[PDB]
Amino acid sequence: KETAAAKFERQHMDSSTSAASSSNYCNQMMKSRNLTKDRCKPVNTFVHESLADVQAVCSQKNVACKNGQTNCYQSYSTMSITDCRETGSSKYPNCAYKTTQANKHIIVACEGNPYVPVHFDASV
């Protein structure tokens, strides 16, 4: 089956670049990662760090997830991230997204052994 760990890597990691290239970064990346297969996923964030640097967050600041669950962690440092949100003019199948590149703390939720990010929760 697809593991939550691998699903986090496919939807939120993009190590190759240190930042979002074009305003169109999100329209290609969201389609190539398949987040527009059945519905356009309205918000999604891509982290531009090493798998090792993002994984490591699971051993840092324990904080509450946005929904009340105790298993979220935030990076001590700020990380390169591209937030992607679908615009008012987006209409499946041709999902349109707005690309924002920012450097800030990510908050991820973690599970398992190894204790890996499993969900992207917020940045701050």
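Here the rigid core means the biggest group of C-alpha atoms that line up within 1.5 Å when the two forms are laid on top of each other. Residues carry their position along the shown sequence, with the first being 1.
Taking 31 to 39 and 54 to 62 in turn, the stretch whose Cα atoms are more displaced from the shown form in 6 other deposited structures of this protein following rigid core superposition is 31 to 39. Note on 63 to 71 and 76 to 84: with rigid core alignment, C-alpha atoms in 6 other deposited structures of this protein sit farther from this form for 63 to 71.
Between 19 to 27 and 112 to 120, the higher mean Cα B-factor belongs to 19 to 27. Comparing the deposited coordinates for 46 to 54 and 85 to 93, the stretch with the larger average C-alpha B-factor is 85 to 93. Highest CA B-factor among the listed residues (62, 69, 34, 78): 34.
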